[PDB]
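Chains as they are written, first to last, in PDB author numbering: chain G, 1459 to 1524; chain A, 969 to 1017. Built from N, CA and C at the ideal position, the CB exists for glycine as well.
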C-alpha cells in the first residue's frame, strides 16, 4: 500500500429506529488504487455491517483521514 | 455509540480551595496529659502566678 493513492467509492444503506438511531447500517463498494497512468483499478472492498448505530464510522474515518 | 457511552464515564474532579487555619494547639484527652507531668503537681502550683 506504501506511497500508493487509494479511492473509496462507497454507498451506505441505512434502516431506522428513531430520527437519530439507525437500526442497521451497511457501507460497501470498491477500494481502487491509482496506477502510474492515472487509471484506477479495484484492489479491495469496503464491507461494514452493523445493528443499532448513531452514525457511519467509515465515512467519518475517510472525512478526517482522506 | 454516540455520547451516552463516553459521557456517563468522564468523571468529575475537585480542585482544592484554601481553608486557612488559625493553628490553635491540640488539646489531648486528660488521661494522656497526666502521663506527661508528675502526679504530685496537681494542687501544687498557684496558677494566679
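Roughly how many angstroms lie between the CA atoms of residue 1003/A and residue 987/A, to the nearest whole one?
33 Å
CA-CA distance, residue 1009/A and residue 995/A?
19 Å
Rounded to whole angstroms, what is the Cα-Cα separation between residue 1512/G and residue 990/A?
56 Å
Express the C-alpha separation of residue 1483/G and residue 983/A in angstroms, rounding to a whole number.
43 Å
Measure the alpha-carbon distance for residue 975/A versus residue 1469/G and round it to whole angstroms.
31 Å
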